[PDB]
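Values below: all heavy atoms of this structure, side chains included; hydrogens, waters and symmetry mates excluded. Indexing begins at 1, ligand by ligand and atom by atom, following the structure's order. Protein chains get the first letters and strands the later ones, always in sequence-line order, with residue 1 at the start of each.
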Amino acid sequence: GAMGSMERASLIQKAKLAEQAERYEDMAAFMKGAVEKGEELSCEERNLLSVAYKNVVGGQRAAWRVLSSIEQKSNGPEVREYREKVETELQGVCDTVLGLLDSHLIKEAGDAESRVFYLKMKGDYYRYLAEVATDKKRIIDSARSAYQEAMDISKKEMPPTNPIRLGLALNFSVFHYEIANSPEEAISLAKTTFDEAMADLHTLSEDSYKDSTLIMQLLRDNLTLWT
Amino acid sequence: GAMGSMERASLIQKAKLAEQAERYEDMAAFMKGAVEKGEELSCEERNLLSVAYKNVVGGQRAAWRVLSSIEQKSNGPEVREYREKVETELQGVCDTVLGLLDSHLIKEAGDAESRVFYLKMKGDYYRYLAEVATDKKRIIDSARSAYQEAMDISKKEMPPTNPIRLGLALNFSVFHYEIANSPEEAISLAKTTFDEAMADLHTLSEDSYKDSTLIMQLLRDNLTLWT
Amino acid sequence: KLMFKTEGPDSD
Amino acid sequence: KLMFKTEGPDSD
Ligand SMILES: [Cl-]
Ligand SMILES: [Cl-]
Ligand SMILES: [Mg+2]
Ligand SMILES: [Mg+2]
């Protein structure tokens, strides 16, 4: 694509600059270009990819909810038209990310840390598609399938305090609660995840402890509202 | 352009929705399309135009300053290249706004409230060009000329508390201080503007009083840092 | 809408 | 950079 002529290293450098400038669409385009070079991504690079698209789609999700709320209150074509415009752009971003994961990040991810990261991402962006879907069922089952594969690997290959495993469990629990309409599964998953992490904190350095307890706080935040 | 097929009223409605969604690039594109319908803009519509582009260019200015700061500290080509990319996009937005003002908002603006508003905008977007310019002198004199014409009209046709006149004086004073390197002109302009507004507040309703004193506070904020 | 906590940038 | 107050959205 348009980043085909730029060095991989230069794309990564500019992704970092774009993050500093809060230019997240640029950041995402640079990391898309980096992925398309065909090499596997390092841990830092995966997180740049995720941060970039999370910020882009986050703005779209927030705009879509504003517009959807206005639309529902109003129930001329303008509100529906503009909600559809934003919705279509959001779906395009999700399709772009899913395309990168399928071509070919997931299949080339051999390690648990990379494969779980990408499968979690796959669940996340199917979940964002599900938020606006009205094929709804198949989108939901695609999210479920990706999250479940990531969960299975993470339980076999990672300690219960691993931040990737924790963020996965967090997001899968939210999927259960409000996408799958399975609130008891969501609560059970969040509780067990928090408890098993807590029992493993004693093995961690201070820095790893800070990483893990940050995500555990998010599990507890949700549980407080769910119970 | 791409908005040529949408009704003027629908573009204005969608500009308002985009503002609610914090989708300012969309907001600007809708208002560009509205302007290009060829009718004069109402007061509310002028403010939609201004709000949209102010938010777009504001993000670009903030990104440009981050990148410029990194560039100067670092003095490979990547920092300069990406700063240039953002700079070129910023200049494109400024050129777009100046094109709308020149074709043909200013020449069709008969009233003081509209003509001063547009001439202030012209000064503002030449000032944003000046912030990144290294033709620098002619850009600065274009900003000065636009601000000065707006000032002359505003002093003849508007009361000293008029919010448009006040925001004009505010921005022209900042132009003086840090673009024209005329800090004493900036201080004098801000002081006289504040004093003459203060002496006219007694003529205002509570609502107009709130409007005027909001901008007067900005004049005083700057004066506090300049003196 | 009430958004629950999910991983990473609370960008929405 | 220290940005002084100008009219309207403090968007930068
Ligand atoms: Cl639309
Ligand atoms: Cl670039
Ligand atoms: Mg959120
Ligand atoms: Mg500012």
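A/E84 and A/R80 are joined by a salt bridge, as a carboxylate oxygen and a charged side-chain nitrogen come within less than 4.0 angstrom of each other. Using a 4.0 Å cut-off between charged side-chain N and carboxylate O, B/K16 and A/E78 make no salt bridge.
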| query | Would A/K120 and C/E7 count as a salt bridge (charged side-chain N to carboxylate O under 4.0 Å, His left out) if you check the C-alpha gap in whole Å, the side-chain angles of each, and the deciding distance to 0.1 Å? | reply | CA-CA 10 Å; A/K120 176 191 161 292; C/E7 182 271 327; 2.9 Å; yes

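For B/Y147 and B/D124, the side-chain atoms include at least one donor-acceptor pair closer than 3.5 Å. Under 3.5 Å, the side chains of A/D26 and B/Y82 contain a donor-acceptor pair of N or O atoms.
Tally of protein N, O or S atoms closer to the Mg ion (ligand 3) than 2.8 Å: 2.
B/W64 approaches B/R83 most closely through the heavy-atom pair NE1-CD, 3.5 Å.
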